[PDB]
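What follows is a set of notes on a single structure, which appears directly below.
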Amino acid sequence: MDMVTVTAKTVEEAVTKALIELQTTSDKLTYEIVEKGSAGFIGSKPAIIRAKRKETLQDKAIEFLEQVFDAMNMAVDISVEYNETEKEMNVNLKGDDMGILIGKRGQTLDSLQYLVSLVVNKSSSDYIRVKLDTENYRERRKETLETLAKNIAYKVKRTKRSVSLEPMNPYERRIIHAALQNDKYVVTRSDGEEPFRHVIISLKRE
Amino acid sequence: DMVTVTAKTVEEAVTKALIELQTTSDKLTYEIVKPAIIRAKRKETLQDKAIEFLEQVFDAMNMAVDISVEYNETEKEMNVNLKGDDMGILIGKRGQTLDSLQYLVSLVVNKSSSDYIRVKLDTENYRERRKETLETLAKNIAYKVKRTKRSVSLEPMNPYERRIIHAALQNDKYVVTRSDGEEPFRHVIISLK
């Protein structure tokens, strides 16, 4: 936490001074009063305050996540774009460690996202949309799954033998189901208890 | 940090306070430093590690909960229960939040493990109570739909919940189960026939 300490004739002035040096605005300032001054002709004594910028909402997201990734013994670069008027935060995670959890990225982006959102939203009277992603992983994940869907349809279609995908979170499972929604030769249906729950692709009947 | 033991080489020394500290070979860290001495502790428990992590996350959310964690080693399985007044702030949310915490915690525990550990997170049996009042919900709309002969859309819910519904009317010899909508507005639709 930044906190600059400022000094001046009265608390009132100190504040104004701090606003200038903080380049913030009245509605964006926290401060604590160290000492209100005095004068006495002239036993004068400056007023002193300590002041930061009032903490931002992206501030609170980053903080939460650093706290969590750190708890997870992981190194990650967080950055956020908040669109005030549109009321959405977009938070990108790049970083060497982010790379490790490969398949596991989906659900981990998901959980973390859900949480970051509780956190941001409890500090906010308006509802905020927080999206938590890595270098377009969500999109590029979607493509590759939709591709998986199509390729392994071909396989069933061709080998006549039924194929079970690896386990996946429901969100992804849906991408598959949908990818094959109207395939003339193949059908999909998901099985298993979580988290070993998968889609099965097999040839359509009747 | 650690404690000191002295014997013959390092091995007669290794076997030493392995006894004194009631621990076993797999769980014990070792510092290789007429005499012969070493340093050793009994390494961080998976519970120690689960509690650690959650403790940290709840700290980050400004909540004070009481975690407790039973762990059946032979089964390689760990049950975690949290509670306390502060869990009131999770009222509507509970399930999602419980699931999201569950995932990251499992994530952490298995990192620090060779054999795969199956971990479940739950406040005070909520998990089951919730399954129950949903199955009940399923059956009541089931009742209702064949009574209006029409058809109804339930509220939005996550997939986990949606499965619970589908499951409940899976056999229901008079009415159909269809999921629909777009997250976070995906719902089940029970329809006649």
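Ordering of the structure tokens sets the chain letters (A, B, ...); residue numbers start at 1 within each chain; ligands are numbered from 1 in the order shown.
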*Please identify all polymer residues within 12 Å of residue A:186, counting only C-alpha atoms, omitting same-chain residues fewer than 2 positions from it, and present them as a PyMOL selection string.*
chain A and resi 149-158+160-163+177+179-184+188-189+200-206
_Show me, as an MDAnalysis selection string, the residues that have an atom within 12 Å of residue B:152 when counting only C-alpha atoms, minus same-chain residues fewer than 4 positions from it._
chainID B and resid 138 140:148 175:180 187:192
Could you list, with a cut-off of 12 Å and counting only C-alpha atoms, the residues of chain B near chain A, each shown with its nearest atom pair and the distance in Å rounded to one decimal, rows sorted by chain and ascending number, as JSON lines?
{"residue": "B:49", "atom": "CA", "partner": "A:71", "partner_atom": "CA", "distance": 10.2}
{"residue": "B:50", "atom": "CA", "partner": "A:71", "partner_atom": "CA", "distance": 10.7}
{"residue": "B:51", "atom": "CA", "partner": "A:71", "partner_atom": "CA", "distance": 11.2}
{"residue": "B:52", "atom": "CA", "partner": "A:71", "partner_atom": "CA", "distance": 8.2}
{"residue": "B:53", "atom": "CA", "partner": "A:71", "partner_atom": "CA", "distance": 5.9}
{"residue": "B:54", "atom": "CA", "partner": "A:71", "partner_atom": "CA", "distance": 8.7}
{"residue": "B:55", "atom": "CA", "partner": "A:71", "partner_atom": "CA", "distance": 9.4}
{"residue": "B:56", "atom": "CA", "partner": "A:71", "partner_atom": "CA", "distance": 6.5}
{"residue": "B:57", "atom": "CA", "partner": "A:68", "partner_atom": "CA", "distance": 6.1}
{"residue": "B:58", "atom": "CA", "partner": "A:68", "partner_atom": "CA", "distance": 9.6}
{"residue": "B:59", "atom": "CA", "partner": "A:67", "partner_atom": "CA", "distance": 9.0}
{"residue": "B:60", "atom": "CA", "partner": "A:64", "partner_atom": "CA", "distance": 5.7}
{"residue": "B:61", "atom": "CA", "partner": "A:119", "partner_atom": "CA", "distance": 6.4}
{"residue": "B:62", "atom": "CA", "partner": "A:119", "partner_atom": "CA", "distance": 9.2}
{"residue": "B:63", "atom": "CA", "partner": "A:119", "partner_atom": "CA", "distance": 11.0}
{"residue": "B:89", "atom": "CA", "partner": "A:122", "partner_atom": "CA", "distance": 9.9}
{"residue": "B:90", "atom": "CA", "partner": "A:118", "partner_atom": "CA", "distance": 9.4}
{"residue": "B:92", "atom": "CA", "partner": "A:118", "partner_atom": "CA", "distance": 11.6}
{"residue": "B:93", "atom": "CA", "partner": "A:118", "partner_atom": "CA", "distance": 9.0}
{"residue": "B:94", "atom": "CA", "partner": "A:118", "partner_atom": "CA", "distance": 11.2}
{"residue": "B:95", "atom": "CA", "partner": "A:114", "partner_atom": "CA", "distance": 11.4}
{"residue": "B:96", "atom": "CA", "partner": "A:114", "partner_atom": "CA", "distance": 7.8}
{"residue": "B:97", "atom": "CA", "partner": "A:115", "partner_atom": "CA", "distance": 7.0}
{"residue": "B:98", "atom": "CA", "partner": "A:111", "partner_atom": "CA", "distance": 9.7}
{"residue": "B:99", "atom": "CA", "partner": "A:111", "partner_atom": "CA", "distance": 7.7}
{"residue": "B:100", "atom": "CA", "partner": "A:111", "partner_atom": "CA", "distance": 4.3}
{"residue": "B:101", "atom": "CA", "partner": "A:111", "partner_atom": "CA", "distance": 7.1}
{"residue": "B:102", "atom": "CA", "partner": "A:111", "partner_atom": "CA", "distance": 8.9}
{"residue": "B:103", "atom": "CA", "partner": "A:111", "partner_atom": "CA", "distance": 7.1}
{"residue": "B:104", "atom": "CA", "partner": "A:108", "partner_atom": "CA", "distance": 6.8}
{"residue": "B:105", "atom": "CA", "partner": "A:72", "partner_atom": "CA", "distance": 9.2}
{"residue": "B:106", "atom": "CA", "partner": "A:108", "partner_atom": "CA", "distance": 10.9}
{"residue": "B:107", "atom": "CA", "partner": "A:108", "partner_atom": "CA", "distance": 8.6}
{"residue": "B:108", "atom": "CA", "partner": "A:72", "partner_atom": "CA", "distance": 6.6}
{"residue": "B:109", "atom": "CA", "partner": "A:72", "partner_atom": "CA", "distance": 10.0}
{"residue": "B:110", "atom": "CA", "partner": "A:72", "partner_atom": "CA", "distance": 11.7}
{"residue": "B:111", "atom": "CA", "partner": "A:72", "partner_atom": "CA", "distance": 9.7}
{"residue": "B:112", "atom": "CA", "partner": "A:72", "partner_atom": "CA", "distance": 10.9}
{"residue": "B:118", "atom": "CA", "partner": "A:195", "partner_atom": "CA", "distance": 9.9}
{"residue": "B:119", "atom": "CA", "partner": "A:195", "partner_atom": "CA", "distance": 11.1}
{"residue": "B:120", "atom": "CA", "partner": "A:195", "partner_atom": "CA", "distance": 11.3}
{"residue": "B:158", "atom": "CA", "partner": "A:170", "partner_atom": "CA", "distance": 9.2}
{"residue": "B:159", "atom": "CA", "partner": "A:170", "partner_atom": "CA", "distance": 6.4}
{"residue": "B:160", "atom": "CA", "partner": "A:170", "partner_atom": "CA", "distance": 8.1}
{"residue": "B:161", "atom": "CA", "partner": "A:170", "partner_atom": "CA", "distance": 11.2}
{"residue": "B:162", "atom": "CA", "partner": "A:170", "partner_atom": "CA", "distance": 10.5}
{"residue": "B:163", "atom": "CA", "partner": "A:170", "partner_atom": "CA", "distance": 10.0}
{"residue": "B:164", "atom": "CA", "partner": "A:193", "partner_atom": "CA", "distance": 11.7}
{"residue": "B:179", "atom": "CA", "partner": "A:174", "partner_atom": "CA", "distance": 10.9}
{"residue": "B:180", "atom": "CA", "partner": "A:174", "partner_atom": "CA", "distance": 11.1}
{"residue": "B:181", "atom": "CA", "partner": "A:174", "partner_atom": "CA", "distance": 11.9}
{"residue": "B:182", "atom": "CA", "partner": "A:171", "partner_atom": "CA", "distance": 10.8}
{"residue": "B:183", "atom": "CA", "partner": "A:171", "partner_atom": "CA", "distance": 9.0}
{"residue": "B:184", "atom": "CA", "partner": "A:171", "partner_atom": "CA", "distance": 11.1}
{"residue": "B:186", "atom": "CA", "partner": "A:171", "partner_atom": "CA", "distance": 11.2}
*stretch 93-96 of chain A environment, 9 Å, only C-alpha atoms, sequence neighbours closer than 4 positions dropped, as a ChimeraX atom specification*: /A:75-80,100,132-135
Requested write-out: N, CA and C atoms of the selected residues, as an mmCIF file, in the first residue's frame:
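Written output follows (selection37.cif):
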data_model
loop_
_atom_site.group_PDB
_atom_site.id
_atom_site.type_symbol
_atom_site.label_atom_id
_atom_site.label_comp_id
_atom_site.auth_asym_id
_atom_site.auth_seq_id
_atom_site.Cartn_x
_atom_site.Cartn_y
_atom_site.Cartn_z
ATOM 1 N N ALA A 75 3.528 -18.340 -9.629
ATOM 2 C CA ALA A 75 3.946 -17.031 -10.133
ATOM 3 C C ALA A 75 3.011 -16.614 -11.239
ATOM 4 N N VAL A 76 2.183 -15.572 -11.105
ATOM 5 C CA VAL A 76 1.420 -15.169 -12.314
ATOM 6 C C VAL A 76 1.285 -13.661 -12.533
ATOM 7 N N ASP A 77 1.346 -13.230 -13.790
ATOM 8 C CA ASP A 77 1.117 -11.828 -14.182
ATOM 9 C C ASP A 77 -0.346 -11.529 -14.459
ATOM 10 N N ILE A 78 -0.930 -10.720 -13.580
ATOM 11 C CA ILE A 78 -2.302 -10.306 -13.669
ATOM 12 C C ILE A 78 -2.345 -8.914 -14.278
ATOM 13 N N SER A 79 -3.343 -8.635 -15.095
ATOM 14 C CA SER A 79 -3.601 -7.279 -15.587
ATOM 15 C C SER A 79 -5.076 -7.264 -15.764
ATOM 16 N N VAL A 80 -5.683 -6.094 -15.595
ATOM 17 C CA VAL A 80 -7.117 -5.986 -15.802
ATOM 18 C C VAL A 80 -7.504 -4.803 -16.623
ATOM 19 N N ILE A 100 1.812 -24.545 -16.896
ATOM 20 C CA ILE A 100 1.783 -25.904 -16.360
ATOM 21 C C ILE A 100 0.369 -26.557 -16.476
ATOM 22 N N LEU A 132 -12.323 -13.779 -16.414
ATOM 23 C CA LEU A 132 -10.972 -14.139 -16.038
ATOM 24 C C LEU A 132 -10.415 -15.166 -17.060
ATOM 25 N N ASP A 133 -9.353 -14.792 -17.764
ATOM 26 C CA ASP A 133 -8.875 -15.535 -18.924
ATOM 27 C C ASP A 133 -7.305 -15.545 -19.006
ATOM 28 N N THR A 134 -6.755 -16.369 -19.898
ATOM 29 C CA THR A 134 -5.353 -16.353 -20.310
ATOM 30 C C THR A 134 -5.159 -16.224 -21.818
ATOM 31 N N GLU A 135 -4.596 -15.115 -22.258
ATOM 32 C CA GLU A 135 -4.188 -15.050 -23.651
ATOM 33 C C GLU A 135 -5.185 -15.881 -24.482
#
*asked:* Using only C-alpha atoms, which protein or nucleic acid residues come within 8 Å of residue B:28? Drop anything in the same chain fewer than 2 positions from it, and give the result as a PyMOL selection string.
replied: chain B and resi 18+23-26+30+40-43
Restricting the output to N, CA, C and O atoms, write the selected residues as a JSON list (two decimals), in the first residue's frame.
[["chain", "number", "residue", "atom", "x", "y", "z"],
["B", 18, "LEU", "N", 13.41, -41.32, 14.27],
["B", 18, "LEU", "CA", 12.30, -41.86, 13.49],
["B", 18, "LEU", "C", 11.36, -42.51, 14.50],
["B", 18, "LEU", "O", 10.14, -42.33, 14.45],
["B", 23, "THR", "N", 7.21, -41.07, 13.88],
["B", 23, "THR", "CA", 6.97, -40.86, 12.45],
["B", 23, "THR", "C", 7.49, -42.05, 11.63],
["B", 23, "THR", "O", 8.08, -42.97, 12.17],
["B", 24, "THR", "N", 7.26, -42.01, 10.32],
["B", 24, "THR", "CA", 7.73, -43.05, 9.40],
["B", 24, "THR", "C", 8.60, -42.48, 8.27],
["B", 24, "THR", "O", 8.60, -41.26, 8.05],
["B", 25, "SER", "N", 9.31, -43.36, 7.56],
["B", 25, "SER", "CA", 10.37, -42.99, 6.59],
["B", 25, "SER", "C", 9.92, -42.06, 5.45],
["B", 25, "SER", "O", 10.67, -41.17, 5.02],
["B", 26, "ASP", "N", 8.70, -42.29, 4.97],
["B", 26, "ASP", "CA", 8.13, -41.55, 3.84],
["B", 26, "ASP", "C", 7.76, -40.09, 4.16],
["B", 26, "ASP", "O", 7.73, -39.24, 3.27],
["B", 30, "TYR", "N", 15.24, -34.78, 5.83],
["B", 30, "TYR", "CA", 16.58, -35.10, 6.35],
["B", 30, "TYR", "C", 17.69, -34.14, 5.89],
["B", 30, "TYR", "O", 17.84, -33.86, 4.70],
["B", 40, "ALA", "N", 16.27, -33.48, 11.38],
["B", 40, "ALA", "CA", 15.05, -34.05, 10.80],
["B", 40, "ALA", "C", 13.73, -33.54, 11.42],
["B", 40, "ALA", "O", 13.65, -33.35, 12.65],
["B", 41, "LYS", "N", 12.71, -33.32, 10.56],
["B", 41, "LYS", "CA", 11.30, -33.07, 10.96],
["B", 41, "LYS", "C", 10.30, -34.00, 10.24],
["B", 41, "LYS", "O", 10.63, -34.67, 9.27],
["B", 42, "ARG", "N", 9.07, -34.03, 10.73],
["B", 42, "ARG", "CA", 8.01, -34.78, 10.07],
["B", 42, "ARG", "C", 7.21, -33.83, 9.17],
["B", 42, "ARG", "O", 6.47, -32.97, 9.65],
["B", 43, "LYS", "N", 7.40, -34.02, 7.85],
["B", 43, "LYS", "CA", 6.98, -33.06, 6.81],
["B", 43, "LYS", "C", 5.49, -32.71, 6.80],
["B", 43, "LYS", "O", 4.68, -33.37, 7.45]]
*List every residue of stretch 93-159 of chain A that DSSP, applied to the backbone, labels as strand (DSSP E or B), and write the result as a VMD selection string.*
chain A and resid 93 to 94 129 to 133
Create the file for the chosen residues now, containing C-alpha atoms and written as an mmCIF file, in the first residue's frame.
data_model
loop_
_atom_site.group_PDB
_atom_site.id
_atom_site.type_symbol
_atom_site.label_atom_id
_atom_site.label_comp_id
_atom_site.auth_asym_id
_atom_site.auth_seq_id
_atom_site.Cartn_x
_atom_site.Cartn_y
_atom_site.Cartn_z
ATOM 1 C CA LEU A 93 -3.395 -14.055 -16.564
ATOM 2 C CA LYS A 94 -0.192 -14.642 -18.437
ATOM 3 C CA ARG A 129 -19.097 -8.661 -14.870
ATOM 4 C CA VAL A 130 -15.647 -10.162 -14.178
ATOM 5 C CA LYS A 131 -14.116 -12.327 -16.867
ATOM 6 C CA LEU A 132 -10.972 -14.139 -16.038
ATOM 7 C CA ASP A 133 -8.875 -15.535 -18.924
#
_Residues flagged helix (DSSP H, G or I) by DSSP in stretch 18-171 of chain A, as a PyMOL selection string_ = chain A and resi 18-22+26-28+57-71+96-100+105-122+137-159+170-171
*Interatomic distance between atom CA of residue A:187 and atom CA of residue A:165?*
13.1 Å
_Neighbouring residues of residue A:167 were defined as those with any atom within 9 Å, considering only C-alpha atoms; residues of the same chain fewer than 6 positions away were excluded. Please report them as a PyMOL selection string._
chain A and resi 173+192+194-199
